[PDB]
Amino acid sequence: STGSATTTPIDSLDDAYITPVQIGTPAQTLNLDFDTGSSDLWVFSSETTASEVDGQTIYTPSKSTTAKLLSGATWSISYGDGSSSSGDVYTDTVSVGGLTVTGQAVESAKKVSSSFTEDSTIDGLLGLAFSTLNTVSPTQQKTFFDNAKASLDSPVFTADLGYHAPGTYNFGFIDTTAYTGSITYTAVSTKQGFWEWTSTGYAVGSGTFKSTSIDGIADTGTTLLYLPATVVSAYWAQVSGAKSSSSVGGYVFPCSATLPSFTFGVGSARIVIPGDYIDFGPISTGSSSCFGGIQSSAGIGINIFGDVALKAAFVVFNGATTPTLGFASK
């Protein structure tokens, strides 16, 4: 089998992407944030504290003839941005782009933190990291991909995120029309439960490529590109007036600037992030200070190849017995 679903930016900045997901019988379609940096499929629901729901579409398990309470199971998750959610668990039928999994753990939120409430466009998350990170207790549950894998034509999914435009998540096949040139594959460590890999270096604008190993994670659920302070300083040094602002929480730059591109290495291959992808607009409405899309990972404890980086590429998440990651230009 295969599946193919369009993923759509939630706003004009590509802060995140939502993909429609069918849950239950009859189908209830919720727009979920597909997150290769976590491993829980959780939704706003009829069980979510009412004051914490503001415009989201909810899953109502009592209206699904295929929903079953997973007795005794609870979940609780905290994300890198400080947001969190928790609740109980149902199993139900879940379909993405025509690919159906029966018996998928659907984690129903009883509580969500303010940032989730405040974002009316995201109805929950669909985790695509390794199932070892799944938070369901006392019986850990599998991700949608893990459950689907054996049925797929090939044990892969691909992320093709758009810049200020829709893109695609495919399951079970590689669309050879969706990228240019060849796909370069690189090794993955699953030791921390992430799609963790080592970039071979970087360049800033038209500058020379610096060969240096940068360990990080391919994380569709993180907006920005978080890299070592040395790398980030080298980038922003090429933008007149750019500075790190502790009050704002990162590098800012004059909105009048033209940003240079940023290149990262994948083996001997190179992925170029155009400068415009690195512009996240005014820090506050009407400001002429703009927020940068490349930020320091210092104090995160890990480098993160988030959407800023991934959307410059066609990315293969290869879930074969020994997982790997592939990157192509597009």
# chains A, B, ... in the order shown; residues from 1 in each chain; ligands from 1

$ residues_around --residues "residue 141 of chain A" --least-positions-apart "6" --cutoff "9 Å" --atoms "only C-alpha atoms" --output "list in words"
residues 39, 40, 104, 105, 131, 132, 134 and 135 of chain A

$ residues_around --residues "segment 217-234 of chain A" --least-positions-apart "5" --cutoff "8 Å" --atoms "only C-alpha atoms" --output "PyMOL selection string"
chain A and resi 14-16+33-37+194-197+204+293-298+302-310

$ closest_residue --among "A:98, A:181, A:24, A:319" --to "residue 66 of chain A" --atoms "only C-alpha atoms"
A:24

$ residues_around --residues "residue 162 of chain A" --least-positions-apart "2" --cutoff "12 Å" --atoms "only C-alpha atoms" --output "ChimeraX atom specification"
/A:6-10,12-18,159-160,164-169,178,220,277,307-314,330

$ closest_residue --among "A:99, A:41, A:94, A:128" --to "residue 158 of chain A" --atoms "only C-alpha atoms"
A:128

$ residues_around --residues "residue 87 of chain A" --least-positions-apart "6" --cutoff "8 Å" --atoms "only C-alpha atoms" --output "MDAnalysis selection string"
chainID A and resid 74:76 107:111

$ write_last_selection --atoms "N, CA and C atoms" --output "short mmCIF file (atom, residue, chain, number, x, y, z; two decimals), in the first residue's frame"
data_model
loop_
_atom_site.label_atom_id
_atom_site.label_comp_id
_atom_site.auth_asym_id
_atom_site.auth_seq_id
_atom_site.Cartn_x
_atom_site.Cartn_y
_atom_site.Cartn_z
N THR A 74 -2.51 6.08 29.78
CA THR A 74 -2.44 7.53 29.81
C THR A 74 -1.20 7.99 29.06
N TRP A 75 -1.14 9.28 28.77
CA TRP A 75 0.01 9.84 28.09
C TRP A 75 0.23 11.26 28.59
N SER A 76 1.47 11.71 28.45
CA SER A 76 1.86 13.04 28.87
C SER A 76 3.17 13.39 28.17
N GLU A 107 -4.27 9.33 20.92
CA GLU A 107 -4.14 9.86 22.27
C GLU A 107 -5.01 11.09 22.41
N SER A 108 -6.01 11.00 23.28
CA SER A 108 -7.02 12.02 23.42
C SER A 108 -6.61 12.99 24.51
N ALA A 109 -6.50 14.27 24.16
CA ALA A 109 -6.05 15.25 25.13
C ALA A 109 -7.15 15.58 26.12
N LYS A 110 -6.80 15.48 27.39
CA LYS A 110 -7.61 16.07 28.45
C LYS A 110 -7.12 17.48 28.78
N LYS A 111 -5.82 17.72 28.63
CA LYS A 111 -5.21 19.01 28.93
C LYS A 111 -4.22 19.34 27.83
#

$ select_by_dssp --residues "segment 145-209 of chain A" --states "alpha helix (DSSP H)" --output "ChimeraX atom specification"
/A:145-148

$ write_last_selection --atoms "C-alpha atoms" --output "short mmCIF file (atom, residue, chain, number, x, y, z; two decimals), in the first residue's frame"
data_model
loop_
_atom_site.label_atom_id
_atom_site.label_comp_id
_atom_site.auth_asym_id
_atom_site.auth_seq_id
_atom_site.Cartn_x
_atom_site.Cartn_y
_atom_site.Cartn_z
CA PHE A 145 4.40 4.78 10.38
CA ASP A 146 5.52 1.86 12.54
CA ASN A 147 2.03 0.32 12.34
CA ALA A 148 1.80 0.89 8.57
#

$ atom_distance --atom1 "atom CA of residue 100 of chain A" --atom2 "atom CA of residue 29 of chain A"
13.3 Å

$ residues_around --residues "residue 241 of chain A" --least-positions-apart "5" --cutoff "9 Å" --atoms "only C-alpha atoms" --output "tab-separated table (two decimals) with C-alpha atoms, in the first residue's frame"
chain	number	residue	atom	x	y	z
A	236	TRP	CA	24.63	36.40	10.77
A	252	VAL	CA	17.30	39.52	14.67
A	253	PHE	CA	18.16	41.51	11.58
A	254	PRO	CA	17.01	44.65	9.76
A	257	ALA	CA	18.23	43.26	4.52

$ closest_residue --among "A:49, A:199, A:139, A:1" --to "residue 156 of chain A" --atoms "only C-alpha atoms"
A:1

$ atom_distance --atom1 "atom CA of residue 2 of chain A" --atom2 "atom CA of residue 172 of chain A"
4.7 Å

$ closest_residue --among "A:182, A:244, A:117, A:71" --to "residue 44 of chain A" --atoms "only C-alpha atoms"
A:117

$ closest_residue --among "A:275, A:328, A:201, A:27" --to "residue 180 of chain A" --atoms "only C-alpha atoms"
A:328

$ atom_distance --atom1 "atom CA of residue 190 of chain A" --atom2 "atom CA of residue 155 of chain A"
16.0 Å

$ closest_residue --among "A:239, A:133, A:316, A:126" --to "residue 175 of chain A" --atoms "only C-alpha atoms"
A:316
